[PDB]
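First up is the structure itself, then whatever we jot down about it.
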2 protein chains.
Amino acid sequence: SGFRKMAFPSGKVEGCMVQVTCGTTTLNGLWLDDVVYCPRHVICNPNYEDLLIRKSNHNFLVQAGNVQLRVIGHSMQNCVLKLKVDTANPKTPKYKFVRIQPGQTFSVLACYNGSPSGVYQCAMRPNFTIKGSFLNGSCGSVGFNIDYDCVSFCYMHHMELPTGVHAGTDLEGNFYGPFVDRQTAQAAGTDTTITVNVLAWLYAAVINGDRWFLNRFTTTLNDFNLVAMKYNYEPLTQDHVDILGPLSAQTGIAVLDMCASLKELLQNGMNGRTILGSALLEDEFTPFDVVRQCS
Amino acid sequence: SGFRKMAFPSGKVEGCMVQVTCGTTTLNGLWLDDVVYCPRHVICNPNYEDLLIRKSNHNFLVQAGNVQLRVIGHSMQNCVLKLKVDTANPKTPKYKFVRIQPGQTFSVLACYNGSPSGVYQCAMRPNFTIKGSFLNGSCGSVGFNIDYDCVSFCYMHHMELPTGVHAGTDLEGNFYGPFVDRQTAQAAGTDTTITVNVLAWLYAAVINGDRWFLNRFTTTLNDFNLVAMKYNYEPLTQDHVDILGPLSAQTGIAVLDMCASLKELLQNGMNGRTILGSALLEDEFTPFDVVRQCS
Ligand SMILES: *C(=O)c1ccc2ccccc2n1
Ligand SMILES: *C(=O)c1ccc2ccccc2n1
């Protein structure tokens with residue numbers, strides 16, 4: 001019982017975090033096999049091809065705990081630098097580089113000077129930002145999920161936008177969203193609420209004994225989506241209905257039955273009550289997140 | 001910028017988690033130096049002295065990943081069993097066993113069959129329960145804080161109470177609160193809101209640019225505490241005022257100035273607004289937690 005914002009255990013990623021310094025700029029890097037991945041900002045509308053051609057291997061100081069790693073090659077892939085080192089990281093886990101979709105969640109290992117400081121769970125927003133917690137020095141911190149023994153890296157941190165939300169890249173150095181790795185007037189666009197996740201969280205609440213918002217009514221997918229549009233919720237697809245199957249079967253509450261509760265909650269509010277300790281509808285838990293915690 | 005429920009990186013604790021089996025009962029244990037600590041329930045109003053005298057070392061199967069550890073001695077300390085093994089854990093961090101106070105926070109590494117599954121942040125409630133997320137098999141999961149390189153273990157998980165909240169012990173096997181490690185009708189008593197933490201979180205909100213709840217008024221400590229009593233908030237002490245000093249100085253908002261905002265929020269509610277993404281007043285962040293994230 002209970003339901004928490006829960007991150008993956010971070011140890012497999014902690015053993016990969018290093019410090020990268022070029023000039024007077026220091027940030028975090030990710031050491032997997034004999035390559036260190038970090039934001040290309042470490043070499044700073046400049047032309048990064050020009051900036052990198054002017055560097056050599058000895059300009060890069062890579063520190064793994066107390067050991068200095070010798071850089072033997074350098075190259076750029078999109079907004080990430082790849083520094084080849086002379087030593088494979090003996091702590092390299094099984095890993096993949098996997099780009100995530102808006103609405104999916106991941107764990108963030110916030111790091112400063114190559115030293116992990118904290119771990120928390122984030123969702124990729126529909127507008128391709130994350131609501132992270134990052135201070136100066138956090139560039140190069142990574143986001144990930146873990147399946148069995150395999151770390152799927154999905155995010156490297158680059159930027160804070162004017163509203164205080166965050167923007168970054170996949171591990172191929174391609175930005176999530178229409179953002180760049182320099183100071184411009186760029187700003188997050190309008191966001192929307194992740195409907196399938198709200199429904200998953202309502203199922204988590206039922207599994208944990210919160211039932212006050214349930215009702216006898218069912219709705220049609222079409223009539224639900226008309227209400228979703230009015231409150232800035234994403235339309236519900238049949239694929240989303242399908243992915244909620246397991247939770248619907250465990251609770252005995254049909255997906256379109258739960259949709260009628262959500263419609264009522266949007267129209268009427270909570271009337272001073274809470275669900276799973278929240279006074280708002282939470283949209284940062286996926287159906288998989290719920291199944292993992294509410295087994 | 002940003003403010004998240006943030007746990008400590010769990011790697012130092014992950015390297016200590018083992019599986020302990022006795023009979024048909026399996027749960028988690030904590031392997032530090034040559035001792036494994038686990039809930040004494042693994043040997044199951046019985047007399048545990050009698051139950052343990054009837055065991056021998058060979059009745060305990062301890063598995064660290066794929067390696068079986070040989071048990072060479074066994075003893076009980078309060079509600080924890082201590083199994084001496086023939087091998088010191090080479091991954092033992094610097095550590096301490098430290099009992100925490102109500103109102104303080106810690107990270108929980110939820111574990112099943114000796115395998116870490118997730119990490120989240122918890123506060124010890126005034127009524128000595130935690131609002132955890134634990135399923136069957138989680139007995140022996142631990143809570144901790146980390147300072148520099150040193151893990152301060154403060155919690156070992158034992159019980160789920162009828163309301164779905166959780167009860168456990170320090171690493172000396174002494175329960176937090178008036179609970180026992182067997183099935184009785186025991187229930188959590190009435191809880192209260194941790195006032196100093198709510199104030200710390202309001203400072204976190206100001207640091208992050210949420211200012212709508214501020215006002216020009218100040219109050220007296222006495223008049224504040226009269227309102228706290230009415231809404232089931234703990235009384236504010238001068239020691240708590242003192243610990244909020246650093247946050248008061250960073251924001252330029254006197255503690256008793258912030259108390260006048262909290263009084264207004266309790267009397268009037270939020271009027272459809274949010275603070276740091278919440279529609280309720282959050283009390284599970286200590287002043288230290290805020291300073292760590294809002295540096
Ligand atoms: C960190 O990786 C990073 C990338 C880009 C950038 C631009 C401007 C200020 C700070 C930055 N940090
Ligand atoms: C786990 O450590 C534990 C302790 C005590 C207990 C009593 C009854 C049921 C389950 C239990 N688990």
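Order determines the names: the first chain of the structure tokens is A, the second B, and so forth; residues in each chain are numbered 1 upward, and ligands are numbered 1 upward as they are shown.
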Fill in: Distance-based interface of chain A with chain B, 6 Å, counting only C-alpha atoms, as a list in words
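So the residues of chain A near chain B are residues 1, 2, 3, 6, 7, 8, 9, 10, 11, 118, 119, 120, 132, 133, 134, 164 and 279 of chain A.
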Dump of N, CA, C and O atoms for the selected residues, as a PDB file, in the first residue's frame:
ATOM      1  N   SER A   1       0.818  -1.205   0.000  1.00  0.00           N
ATOM      2  CA  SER A   1       0.000   0.000   0.000  1.00  0.00           C
ATOM      3  C   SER A   1       0.852   1.255   0.000  1.00  0.00           C
ATOM      4  O   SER A   1       2.050   1.211   0.338  1.00  0.00           O
ATOM      5  N   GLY A   2       0.224   2.375  -0.336  1.00  0.00           N
ATOM      6  CA  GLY A   2       0.882   3.654  -0.471  1.00  0.00           C
ATOM      7  C   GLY A   2       1.263   3.905  -1.913  1.00  0.00           C
ATOM      8  O   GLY A   2       1.355   2.987  -2.731  1.00  0.00           O
ATOM      9  N   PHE A   3       1.506   5.177  -2.225  1.00  0.00           N
ATOM     10  CA  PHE A   3       1.859   5.547  -3.591  1.00  0.00           C
ATOM     11  C   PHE A   3       2.737   6.777  -3.540  1.00  0.00           C
ATOM     12  O   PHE A   3       2.301   7.827  -3.054  1.00  0.00           O
ATOM     13  N   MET A   6       8.417   7.643  -7.151  1.00  0.00           N
ATOM     14  CA  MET A   6       9.477   6.678  -6.904  1.00  0.00           C
ATOM     15  C   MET A   6      10.437   6.638  -8.081  1.00  0.00           C
ATOM     16  O   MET A   6      10.013   6.462  -9.234  1.00  0.00           O
ATOM     17  N   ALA A   7      11.721   6.819  -7.800  1.00  0.00           N
ATOM     18  CA  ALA A   7      12.759   6.759  -8.817  1.00  0.00           C
ATOM     19  C   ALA A   7      13.379   5.363  -8.847  1.00  0.00           C
ATOM     20  O   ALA A   7      13.242   4.576  -7.899  1.00  0.00           O
ATOM     21  N   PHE A   8      14.077   5.056  -9.938  1.00  0.00           N
ATOM     22  CA  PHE A   8      14.838   3.824  -9.978  1.00  0.00           C
ATOM     23  C   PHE A   8      16.068   3.971  -9.085  1.00  0.00           C
ATOM     24  O   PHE A   8      16.633   5.071  -8.961  1.00  0.00           O
ATOM     25  N   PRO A   9      16.528   2.878  -8.475  1.00  0.00           N
ATOM     26  CA  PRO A   9      17.796   2.932  -7.737  1.00  0.00           C
ATOM     27  C   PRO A   9      18.898   3.414  -8.668  1.00  0.00           C
ATOM     28  O   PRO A   9      18.990   2.989  -9.822  1.00  0.00           O
ATOM     29  N   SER A  10      19.697   4.351  -8.177  1.00  0.00           N
ATOM     30  CA  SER A  10      20.593   5.112  -9.044  1.00  0.00           C
ATOM     31  C   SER A  10      22.004   4.566  -9.118  1.00  0.00           C
ATOM     32  O   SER A  10      22.810   5.111  -9.868  1.00  0.00           O
ATOM     33  N   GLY A  11      22.315   3.504  -8.374  1.00  0.00           N
ATOM     34  CA  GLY A  11      23.699   3.052  -8.272  1.00  0.00           C
ATOM     35  C   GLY A  11      24.369   2.759  -9.605  1.00  0.00           C
ATOM     36  O   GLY A  11      25.537   3.095  -9.799  1.00  0.00           O
ATOM     37  N   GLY A 118      21.368  13.932  -5.862  1.00  0.00           N
ATOM     38  CA  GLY A 118      20.032  13.484  -5.542  1.00  0.00           C
ATOM     39  C   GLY A 118      19.386  12.816  -6.736  1.00  0.00           C
ATOM     40  O   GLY A 118      19.871  12.933  -7.868  1.00  0.00           O
ATOM     41  N   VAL A 119      18.301  12.101  -6.465  1.00  0.00           N
ATOM     42  CA  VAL A 119      17.562  11.377  -7.500  1.00  0.00           C
ATOM     43  C   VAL A 119      16.078  11.675  -7.360  1.00  0.00           C
ATOM     44  O   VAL A 119      15.537  11.699  -6.247  1.00  0.00           O
ATOM     45  N   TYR A 120      15.421  11.934  -8.480  1.00  0.00           N
ATOM     46  CA  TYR A 120      13.993  12.201  -8.460  1.00  0.00           C
ATOM     47  C   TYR A 120      13.383  11.736  -9.769  1.00  0.00           C
ATOM     48  O   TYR A 120      14.084  11.438 -10.730  1.00  0.00           O
ATOM     49  N   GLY A 132      12.212  19.941 -13.704  1.00  0.00           N
ATOM     50  CA  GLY A 132      13.302  19.375 -12.942  1.00  0.00           C
ATOM     51  C   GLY A 132      13.625  20.217 -11.733  1.00  0.00           C
ATOM     52  O   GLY A 132      12.924  21.173 -11.394  1.00  0.00           O
ATOM     53  N   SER A 133      14.705  19.825 -11.061  1.00  0.00           N
ATOM     54  CA  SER A 133      15.281  20.591  -9.959  1.00  0.00           C
ATOM     55  C   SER A 133      16.786  20.585 -10.200  1.00  0.00           C
ATOM     56  O   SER A 133      17.466  19.577  -9.987  1.00  0.00           O
ATOM     57  N   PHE A 134      17.289  21.702 -10.700  1.00  0.00           N
ATOM     58  CA  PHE A 134      18.667  21.790 -11.134  1.00  0.00           C
ATOM     59  C   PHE A 134      19.190  23.164 -10.768  1.00  0.00           C
ATOM     60  O   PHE A 134      18.493  24.166 -10.950  1.00  0.00           O
ATOM     61  N   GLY A 164      11.597  28.547 -15.511  1.00  0.00           N
ATOM     62  CA  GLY A 164      12.187  27.678 -14.524  1.00  0.00           C
ATOM     63  C   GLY A 164      12.102  26.210 -14.867  1.00  0.00           C
ATOM     64  O   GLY A 164      12.622  25.387 -14.109  1.00  0.00           O
ATOM     65  N   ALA A 279      -4.368  17.404  -3.731  1.00  0.00           N
ATOM     66  CA  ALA A 279      -5.579  18.168  -3.981  1.00  0.00           C
ATOM     67  C   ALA A 279      -5.724  18.571  -5.440  1.00  0.00           C
ATOM     68  O   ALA A 279      -6.615  19.362  -5.767  1.00  0.00           O
TER      69      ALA A 279
END
Extract, using only C-alpha atoms, all DNA, RNA and protein residues at most 7 Å from stretch 227-231 of chain A, discarding same-chain residues fewer than 4 positions from it, and format them as an mmCIF file with C-alpha atoms, in the first residue's frame.
data_model
loop_
_atom_site.group_PDB
_atom_site.id
_atom_site.type_symbol
_atom_site.label_atom_id
_atom_site.label_comp_id
_atom_site.auth_asym_id
_atom_site.auth_seq_id
_atom_site.Cartn_x
_atom_site.Cartn_y
_atom_site.Cartn_z
ATOM 1 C CA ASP A 223 -18.208 12.571 -25.135
ATOM 2 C CA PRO A 235 -7.600 13.316 -26.280
ATOM 3 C CA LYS A 263 -15.238 14.282 -16.246
#
Return chain B as a CSV table (one decimal) with C-alpha atoms, in the first residue's frame, after superposing it on chain A by a least-squares fit that covers all C-alpha atoms paired in order.
chain,number,residue,atom,x,y,z
B,1,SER,CA,0.0,0.0,0.0
B,2,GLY,CA,0.9,3.7,-0.5
B,3,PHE,CA,1.9,5.5,-3.6
B,4,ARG,CA,5.0,7.7,-3.9
B,5,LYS,CA,7.0,9.5,-6.6
B,6,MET,CA,9.5,6.7,-6.9
B,7,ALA,CA,12.8,6.8,-8.8
B,8,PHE,CA,14.8,3.8,-10.0
B,9,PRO,CA,17.8,2.9,-7.7
B,10,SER,CA,20.6,5.1,-9.0
B,11,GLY,CA,23.7,3.1,-8.3
B,12,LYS,CA,24.3,1.8,-11.8
B,13,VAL,CA,24.3,5.4,-13.1
B,14,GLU,CA,26.3,6.8,-10.1
B,15,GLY,CA,29.2,4.6,-11.2
B,16,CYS,CA,29.3,6.3,-14.6
B,17,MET,CA,29.3,10.0,-13.5
B,18,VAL,CA,32.5,11.9,-14.1
B,19,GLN,CA,33.6,15.6,-14.2
B,20,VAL,CA,34.7,17.2,-17.5
B,21,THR,CA,36.6,20.5,-17.5
B,22,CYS,CA,37.6,22.6,-20.5
B,23,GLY,CA,39.1,26.0,-19.9
B,24,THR,CA,37.2,27.4,-16.9
B,25,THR,CA,34.0,25.5,-17.5
B,26,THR,CA,33.3,22.3,-15.5
B,27,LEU,CA,30.2,20.1,-15.9
B,28,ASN,CA,29.2,16.5,-15.7
B,29,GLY,CA,29.9,13.6,-18.1
B,30,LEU,CA,28.7,10.0,-18.5
B,31,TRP,CA,31.4,7.4,-18.8
B,32,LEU,CA,30.4,4.2,-20.6
B,33,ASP,CA,33.0,1.8,-22.0
B,34,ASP,CA,35.8,4.0,-23.2
B,35,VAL,CA,33.7,7.1,-24.1
B,36,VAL,CA,32.6,10.0,-22.0
B,37,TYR,CA,29.5,11.9,-23.2
B,38,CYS,CA,28.9,15.4,-22.1
B,39,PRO,CA,27.2,18.6,-23.3
B,40,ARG,CA,29.1,20.4,-26.0
B,41,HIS,CA,28.6,23.7,-24.1
B,42,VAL,CA,31.8,22.7,-22.1
B,43,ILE,CA,33.9,24.1,-25.0
B,44,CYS,CA,32.2,27.5,-25.0
B,45,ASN,CA,25.7,32.0,-31.8
B,46,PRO,CA,29.1,30.2,-32.2
B,47,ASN,CA,29.9,27.6,-34.8
B,48,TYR,CA,30.7,24.5,-32.7
B,49,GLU,CA,32.5,22.9,-35.6
B,50,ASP,CA,34.9,25.8,-35.5
B,51,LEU,CA,35.2,25.7,-31.7
B,52,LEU,CA,36.0,22.0,-31.6
B,53,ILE,CA,38.5,22.1,-34.5
B,54,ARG,CA,40.4,24.6,-32.3
B,55,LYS,CA,40.6,22.1,-29.4
B,56,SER,CA,43.0,19.1,-28.8
B,57,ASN,CA,42.7,16.1,-26.5
B,58,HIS,CA,44.8,17.8,-23.8
B,59,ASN,CA,42.3,20.6,-23.5
B,60,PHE,CA,39.9,18.2,-21.8
B,61,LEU,CA,40.4,17.3,-18.1
B,62,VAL,CA,38.2,14.3,-17.2
B,63,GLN,CA,38.1,13.2,-13.5
B,64,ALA,CA,36.5,10.0,-12.3
B,65,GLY,CA,36.4,10.3,-8.6
B,66,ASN,CA,40.1,10.8,-7.8
B,67,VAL,CA,41.5,9.3,-11.0
B,68,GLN,CA,42.2,11.5,-14.1
B,69,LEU,CA,41.3,9.8,-17.4
B,70,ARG,CA,43.4,10.4,-20.4
B,71,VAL,CA,41.5,11.7,-23.4
B,72,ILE,CA,42.6,10.1,-26.7
B,73,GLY,CA,40.0,11.4,-29.1
B,74,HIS,CA,37.2,13.9,-29.3
B,75,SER,CA,34.2,14.3,-31.6
B,76,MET,CA,30.8,16.0,-31.6
B,77,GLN,CA,27.5,14.3,-32.2
B,78,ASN,CA,24.8,17.0,-32.4
B,79,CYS,CA,24.7,18.8,-29.0
B,80,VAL,CA,26.9,16.2,-27.2
B,81,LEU,CA,30.6,15.8,-27.1
B,82,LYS,CA,32.2,12.3,-27.2
B,83,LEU,CA,35.6,12.1,-25.5
B,84,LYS,CA,37.3,8.8,-26.1
B,85,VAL,CA,39.4,7.8,-23.1
B,86,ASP,CA,42.2,5.2,-22.7
B,87,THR,CA,40.3,3.2,-20.0
B,88,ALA,CA,36.9,1.4,-20.2
B,89,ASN,CA,34.8,2.1,-17.2
B,90,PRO,CA,34.8,-1.2,-15.2
B,91,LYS,CA,31.4,-0.2,-13.7
B,92,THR,CA,29.6,0.1,-17.1
B,93,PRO,CA,26.2,-1.4,-16.8
B,94,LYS,CA,24.3,-3.0,-19.7
B,95,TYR,CA,22.8,0.1,-21.4
B,96,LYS,CA,20.9,1.5,-24.3
B,97,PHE,CA,20.3,5.1,-25.6
B,98,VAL,CA,16.5,5.4,-26.0
B,99,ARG,CA,14.6,8.6,-26.8
B,100,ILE,CA,11.4,8.9,-24.8
B,101,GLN,CA,8.0,10.2,-25.8
B,102,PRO,CA,6.0,13.1,-24.1
B,103,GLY,CA,4.0,11.6,-21.3
B,104,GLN,CA,6.6,9.1,-20.3
B,105,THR,CA,8.6,9.2,-17.1
B,106,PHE,CA,12.2,8.8,-16.1
B,107,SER,CA,14.5,9.1,-13.1
B,108,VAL,CA,17.0,12.0,-13.0
B,109,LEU,CA,20.3,11.8,-11.1
B,110,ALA,CA,21.2,15.4,-10.4
B,111,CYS,CA,25.0,15.8,-10.3
B,112,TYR,CA,27.5,18.6,-9.5
B,113,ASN,CA,31.2,18.4,-10.3
B,114,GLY,CA,30.8,14.8,-11.3
B,115,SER,CA,29.3,14.0,-7.8
B,116,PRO,CA,25.7,12.7,-7.6
B,117,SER,CA,23.6,14.8,-5.3
B,118,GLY,CA,20.0,13.5,-5.5
B,119,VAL,CA,17.6,11.4,-7.5
B,120,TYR,CA,14.0,12.2,-8.5
B,121,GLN,CA,11.3,11.2,-10.9
B,122,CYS,CA,10.3,13.4,-13.9
B,123,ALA,CA,7.8,13.2,-16.8
B,124,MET,CA,8.5,14.5,-20.3
B,125,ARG,CA,5.9,17.2,-20.7
B,126,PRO,CA,3.8,17.4,-24.0
B,127,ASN,CA,5.7,20.7,-24.7
B,128,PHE,CA,9.1,18.8,-24.4
B,129,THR,CA,10.2,20.4,-21.2
B,130,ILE,CA,10.8,18.7,-17.8
B,131,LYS,CA,9.9,20.2,-14.4
B,132,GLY,CA,13.3,19.4,-12.9
B,133,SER,CA,15.3,20.6,-10.0
B,134,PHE,CA,18.7,21.8,-11.1
B,135,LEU,CA,21.1,24.4,-10.0
B,136,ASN,CA,24.2,25.9,-11.6
B,137,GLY,CA,26.7,23.1,-12.3
B,138,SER,CA,24.1,20.4,-13.2
B,139,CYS,CA,24.8,20.4,-16.9
B,140,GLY,CA,25.4,16.9,-18.1
B,141,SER,CA,23.1,15.3,-15.4
B,142,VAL,CA,21.3,12.3,-16.9
B,143,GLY,CA,17.8,10.8,-16.9
B,144,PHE,CA,17.2,7.1,-17.3
B,145,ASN,CA,14.9,4.1,-16.7
B,146,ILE,CA,16.0,0.6,-15.7
B,147,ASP,CA,14.6,-2.7,-17.0
B,148,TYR,CA,16.0,-5.8,-15.4
B,149,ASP,CA,19.7,-5.1,-15.4
B,150,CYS,CA,19.7,-2.6,-18.4
B,151,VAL,CA,19.9,1.2,-18.0
B,152,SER,CA,18.0,3.0,-20.8
B,153,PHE,CA,19.5,6.5,-20.9
B,154,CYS,CA,17.0,9.0,-22.3
B,155,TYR,CA,18.0,12.5,-21.2
B,156,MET,CA,21.1,14.7,-20.7
B,157,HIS,CA,20.5,18.1,-19.0
B,158,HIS,CA,21.4,21.4,-20.8
B,159,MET,CA,19.2,24.4,-20.2
B,160,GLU,CA,16.9,26.3,-17.9
B,161,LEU,CA,14.1,28.2,-19.6
B,162,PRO,CA,12.6,31.5,-18.4
B,163,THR,CA,9.7,29.8,-16.5
B,164,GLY,CA,12.2,27.7,-14.5
B,165,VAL,CA,11.5,24.5,-16.5
B,166,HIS,CA,14.3,22.5,-18.1
B,167,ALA,CA,15.3,21.5,-21.6
B,168,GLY,CA,17.8,18.9,-22.7
B,169,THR,CA,18.8,16.2,-25.3
B,170,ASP,CA,18.7,12.5,-25.8
B,171,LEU,CA,22.1,10.8,-25.5
B,172,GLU,CA,22.6,11.3,-29.3
B,173,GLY,CA,22.6,15.0,-28.6
B,174,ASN,CA,19.3,15.8,-30.2
B,175,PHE,CA,17.1,18.2,-28.3
B,176,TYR,CA,13.7,17.4,-27.0
B,177,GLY,CA,11.5,20.1,-28.4
B,178,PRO,CA,12.4,23.3,-30.3
B,179,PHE,CA,15.2,24.4,-28.1
B,180,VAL,CA,18.9,25.2,-28.6
B,181,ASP,CA,22.0,25.1,-26.4
B,182,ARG,CA,22.6,28.9,-26.2
B,183,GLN,CA,21.0,31.9,-24.7
B,184,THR,CA,18.1,33.1,-26.9
B,185,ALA,CA,14.6,34.4,-26.0
B,186,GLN,CA,13.3,30.8,-26.5
B,187,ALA,CA,10.5,29.8,-24.2
B,188,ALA,CA,8.3,26.8,-23.5
B,189,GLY,CA,5.1,26.7,-25.5
B,190,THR,CA,1.7,25.9,-24.1
B,191,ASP,CA,1.5,22.6,-22.3
B,192,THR,CA,-1.4,20.1,-21.8
B,193,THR,CA,-2.4,17.5,-19.2
B,194,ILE,CA,-1.5,13.9,-19.9
B,195,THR,CA,-5.0,12.3,-19.7
B,196,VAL,CA,-3.9,8.6,-19.8
B,197,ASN,CA,-1.6,9.3,-16.8
B,198,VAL,CA,-4.4,11.0,-14.8
B,199,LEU,CA,-6.6,7.9,-15.4
B,200,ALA,CA,-3.7,5.6,-14.4
B,201,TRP,CA,-3.3,7.6,-11.2
B,202,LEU,CA,-7.1,7.4,-10.4
B,203,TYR,CA,-6.7,3.6,-10.7
B,204,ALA,CA,-3.7,3.7,-8.3
B,205,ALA,CA,-6.0,5.6,-5.9
B,206,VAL,CA,-8.7,2.9,-6.2
B,207,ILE,CA,-6.1,0.2,-5.6
B,208,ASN,CA,-5.1,2.1,-2.4
B,209,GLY,CA,-8.7,2.5,-1.2
B,210,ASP,CA,-9.5,6.0,-2.3
B,211,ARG,CA,-13.0,5.6,-3.9
B,212,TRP,CA,-14.9,8.8,-3.2
B,213,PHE,CA,-14.8,10.0,-6.8
B,214,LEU,CA,-16.3,6.9,-8.3
B,215,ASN,CA,-19.8,6.9,-9.7
B,216,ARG,CA,-22.2,4.6,-11.4
B,217,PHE,CA,-22.0,6.4,-14.8
B,218,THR,CA,-20.1,5.4,-17.9
B,219,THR,CA,-19.4,7.7,-20.9
B,220,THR,CA,-18.5,7.4,-24.5
B,221,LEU,CA,-14.9,8.0,-25.7
B,222,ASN,CA,-16.3,10.8,-27.9
B,223,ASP,CA,-18.2,12.6,-25.1
B,224,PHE,CA,-15.2,12.3,-22.9
B,225,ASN,CA,-12.9,13.8,-25.5
B,226,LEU,CA,-15.3,16.8,-25.8
B,227,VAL,CA,-14.7,17.5,-22.1
B,228,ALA,CA,-11.0,16.9,-22.3
B,229,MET,CA,-10.6,19.6,-25.0
B,230,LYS,CA,-12.4,22.1,-22.8
B,231,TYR,CA,-10.0,21.6,-19.8
B,232,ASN,CA,-6.8,21.3,-21.8
B,233,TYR,CA,-6.5,17.5,-21.5
B,234,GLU,CA,-5.1,15.4,-24.3
B,235,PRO,CA,-7.6,13.3,-26.3
B,236,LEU,CA,-7.9,9.7,-25.1
B,237,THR,CA,-7.2,7.2,-27.9
B,238,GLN,CA,-8.2,3.5,-28.1
B,239,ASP,CA,-4.5,2.6,-27.7
B,240,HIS,CA,-4.6,4.4,-24.3
B,241,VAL,CA,-7.8,2.5,-23.4
B,242,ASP,CA,-5.9,-0.7,-24.3
B,243,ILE,CA,-2.9,0.1,-22.1
B,244,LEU,CA,-5.2,0.7,-19.2
B,245,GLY,CA,-6.6,-2.8,-19.6
B,246,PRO,CA,-4.6,-4.4,-16.8
B,247,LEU,CA,-5.6,-1.7,-14.3
B,248,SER,CA,-9.2,-1.8,-15.4
B,249,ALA,CA,-9.3,-5.6,-14.9
B,250,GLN,CA,-7.6,-5.5,-11.5
B,251,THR,CA,-10.1,-2.9,-10.1
B,252,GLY,CA,-13.2,-4.1,-12.0
B,253,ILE,CA,-13.7,-0.5,-13.2
B,254,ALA,CA,-14.1,-0.1,-17.0
B,255,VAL,CA,-11.9,2.6,-18.6
B,256,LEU,CA,-15.0,4.5,-19.7
B,257,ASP,CA,-16.4,4.2,-16.2
B,258,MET,CA,-13.3,5.9,-14.9
B,259,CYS,CA,-13.5,8.5,-17.6
B,260,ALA,CA,-17.0,9.5,-16.2
B,261,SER,CA,-15.3,10.1,-12.8
B,262,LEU,CA,-12.6,12.3,-14.4
B,263,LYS,CA,-15.2,14.3,-16.2
B,264,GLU,CA,-17.1,14.9,-13.0
B,265,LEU,CA,-13.8,15.9,-11.2
B,266,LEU,CA,-12.9,18.4,-13.9
B,267,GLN,CA,-16.4,20.0,-13.8
B,268,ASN,CA,-16.9,20.0,-10.1
B,269,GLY,CA,-13.4,20.0,-8.5
B,270,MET,CA,-12.6,18.1,-5.3
B,271,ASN,CA,-14.9,19.9,-2.8
B,272,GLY,CA,-12.1,20.0,-0.2
B,273,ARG,CA,-11.0,16.4,-0.6
B,274,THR,CA,-7.8,14.7,-1.7
B,275,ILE,CA,-6.8,11.7,-3.8
B,276,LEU,CA,-3.5,9.9,-2.9
B,277,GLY,CA,-2.5,12.9,-0.8
B,278,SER,CA,-3.0,15.4,-3.6
B,279,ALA,CA,-5.6,18.2,-4.0
B,280,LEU,CA,-5.0,18.2,-7.8
B,281,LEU,CA,-5.2,15.7,-10.5
B,282,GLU,CA,-1.7,14.3,-11.0
B,283,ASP,CA,-0.5,13.4,-14.5
B,284,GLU,CA,3.1,12.4,-14.0
B,285,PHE,CA,2.6,8.6,-13.4
B,286,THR,CA,2.3,6.3,-16.4
B,287,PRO,CA,0.1,3.2,-16.4
B,288,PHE,CA,3.4,1.2,-16.1
B,289,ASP,CA,4.5,3.3,-13.1
B,290,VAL,CA,1.2,2.5,-11.4
B,291,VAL,CA,1.4,-1.3,-12.2
B,292,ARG,CA,5.0,-1.4,-10.8
B,293,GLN,CA,4.0,0.2,-7.5
B,294,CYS,CA,0.5,-1.3,-7.1
B,295,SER,CA,1.3,-4.9,-8.0
Item to complete: Looking only at alpha helix (DSSP H) from DSSP on the backbone, list the matching residues of stretch 29-171 of chain B as a ChimeraX atom specification.
Response: /B:48-53
Practice prompt. Would you mind writing down, as a PyMOL selection string, each residue of stretch 49-136 of chain A that DSSP on the backbone assigns to strand (DSSP E or B)?
Written response: chain A and resi 60-64+67-69+71-77+80-85+94-97+105-112+115-123+130
